[PDB]
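Read-outs: derived from the displayed coordinates by stated rules, not from any lab. So basically every Cβ, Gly included, is an ideal-geometry build from the backbone, and we count neighbours across all protein chains shown.
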Amino acid sequence: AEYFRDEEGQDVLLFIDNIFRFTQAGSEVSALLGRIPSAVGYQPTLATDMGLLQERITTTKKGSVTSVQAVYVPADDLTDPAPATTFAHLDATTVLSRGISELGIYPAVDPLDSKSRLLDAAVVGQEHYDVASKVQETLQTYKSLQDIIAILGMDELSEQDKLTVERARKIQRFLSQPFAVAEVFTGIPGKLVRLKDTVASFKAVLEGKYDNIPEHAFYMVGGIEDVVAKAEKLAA
Amino acid sequence: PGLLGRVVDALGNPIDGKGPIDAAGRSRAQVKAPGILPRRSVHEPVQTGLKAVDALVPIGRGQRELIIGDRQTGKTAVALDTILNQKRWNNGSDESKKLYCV
Amino acid sequence: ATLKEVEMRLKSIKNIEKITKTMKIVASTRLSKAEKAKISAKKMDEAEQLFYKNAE
């Protein structure tokens with residue numbers, strides 16, 4: 001990658017997989033190197049070693065490298081030191097959670113646990129920001145109310161809350177998109193949805209201009225056109 | 001005094017390359033804390049420009065209040081805001097109101 | 001783990017406590033309206049019973 005970045009002077013798009021294996025590997029040979037094991041058996045040089053890898057990857061004047069690094073979070077405990085050390089070092093975190101996968105939502109991305117450096121209102125544009133801010137509040141509300149729905153039921157919630165819950169369930173399955181590489185896994189044609197188009201389509205939903213659409217007509221759709229089309233299909 | 005506007009590495013070399021450091025001493029880093037008698041009670045305000053911080057947990061000068069919080073919540077952003085507000089007081093010529101941030 | 005499974009379960013119990021607390025208070029509020037109604041209703045009933053009793 002350095003050769004590409006520097007000498008060929010081109011942009012790159014690095015990918016490394018799975019970087020927990022990188023941590024783990026170093027931990028093992030640390031032990032063999034005779035160093036007194038550090039916390040949760042990780043190498044005592046973990047920080048600097050991770051640091052050397054990450055620091056080496058950067059966008060210089062010479063080139064630009066867009067790394068995407070997979071990380072395996074052992075037993076989905078991000079509090080474990082190996083993910084936690086990596087967690088700081090990476091610019092644009094994305095968490096893929098067991099629960100969301102289990103909900104049958106593929107991507108498995110955890111919506112309220114996805115933070116990116118560039119997400120700032122100016123950077124992504126005010127409209128993008130505002131739309132996404134509304135999504136975040138709605139989903140977070142849905143989660144807070146989820147416990148209440150669990151014991152009390154949905155009938156004891158506010159009228160406003162009940163509409164918010166209904167939108168949240170719709171939004172939850174509006175996230176679903178079938179992958180192009182899961183024309184093998186699910187055999188459902190993949191979708192590439194333009195950024196502007198997504199902002200617009202989510203805006204409509206939030207405005208409730210599709211509160212006459214059933215929940216399953218948001219499942220594994222694409223754009224706005226698709227939400228409507230799958231509603232018509234289901235209606236039959 | 002002259003380390004203002006210098007991004008320097010730990011050694012002391014400018015890593016922003018703003019040339020040789022203007023400095024009036026080189027001092028040991030193993031230097032000790034100021035004695036019981038050399039302290040005075042804190043009472044001089046400092047305003048961080050954050051409404052909640054300034055009212056709910058007011059901060060004074062020479063204070064050592066922790067900022068302990070959840071991982072990568074742009075923890076540094078909350079802190080950085082304090083530095084920015086110091087521009088208002090700093091711009092002024094009253095040396096009581098000049099906080100030279102590090 | 002032990003540690004986390006304890007903690008999540010304890011959190012559940014805490015949340016449950018909070019909900020049962022909330023309900024109990026709200027129940028008291030709701031109860032006040034209920035009791036008021038029951039008085040008025042019972043008074044109304046007594047008039048009908050006045051006929052039935054006296055009638056045999």
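It is to be established whether one or more residues within segment B:46-55 are away from every other protein chain (no Cβ under 14 Å), more than 30 Å from A:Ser114 (Cβ to Cβ), in contact (Cβ under 8 Å) with a residue 12 or more places away in the chain and not acidic (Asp, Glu).
yes
Just one of the numbered conditions (1) under 28 Å from A:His89 (Cβ atoms); (2) part of a helix (DSSP H, G or I) is not true of B:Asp54; which one?
All conditions are met except number (1).
Of the residues in segment B:57-74, how many are outside any loop (DSSP other than H, G, I, E, B) and either of a type in the set (A, V, I, L, M) or surrounded by fewer than 12 Cβ atoms within 10 Å (Cβ to Cβ) (or both)?
Looking only at that region, the number is 1.
Would you check which residues across segment C:1-30 are among the β-branched types (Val, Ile, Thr) and more than 11 Å from chain A (Cβ to nearest Cβ) and list them?
C:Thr2, C:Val6, C:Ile13, C:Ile25, C:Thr29 - these are the residues of segment C:1-30 that are among the β-branched types (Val, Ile, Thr) and more than 11 Å from chain A (Cβ to nearest Cβ).
Of the residues in segment A:89-119, how many are without any contact (Cβ under 8 Å) to a residue 12 or more places away in the chain and surrounded by 12 or more Cβ atoms within 10 Å (Cβ to Cβ)?
Number of matching residues: 2.
Answer yes or no as to whether B:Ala77 is within 14 Å of chain A (Cβ to nearest Cβ), hydrophobic (A, V, I, L, M, F, W, C), free of Cβ contacts under 8 Å to residues at least 40 places away in the same chain and assigned to a helix (DSSP H, G or I).
It is true that B:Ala77 is within 14 Å of chain A (Cβ to nearest Cβ), hydrophobic (A, V, I, L, M, F, W, C), free of Cβ contacts under 8 Å to residues at least 40 places away in the same chain and assigned to a helix (DSSP H, G or I).
Output the number of residues of segment A:53-79 satisfying the condition of being assigned to a strand (DSSP E or B) and over 17 Å from A:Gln24 (Cβ atoms).
The qualifying residues number 1.
Could you tell me whether segment A:216-226 includes any residue that is within 14 Å of chain C (Cβ to nearest Cβ) and either part of a helix (DSSP H, G or I) or within 24 Å of B:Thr73 (Cβ to Cβ) (or both)?
no
Is it true that C:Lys33 is within 14 Å of another protein chain (Cβ to nearest Cβ) and within 17 Å of the chain's Cα centre (by Cα)?
no
Could you tell me which residue of segment A:101-126 is farthest from A:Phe179 (Cα to Cα), considering only residues that are among the aliphatic types (A, V, I, L, M) and within 8 Å of the chain's Cα centre (by Cα)?
So the residue we want is A:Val109.
Assess whether A:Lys203 counts as being touching a helix residue (DSSP H, G or I) at 6+ places or on another chain (Cβ under 9 Å), in contact (Cβ under 8 Å) with a residue 12 or more places away in the chain and assigned to a loop (DSSP other than H, G, I, E, B).
Answer is no for this residue.
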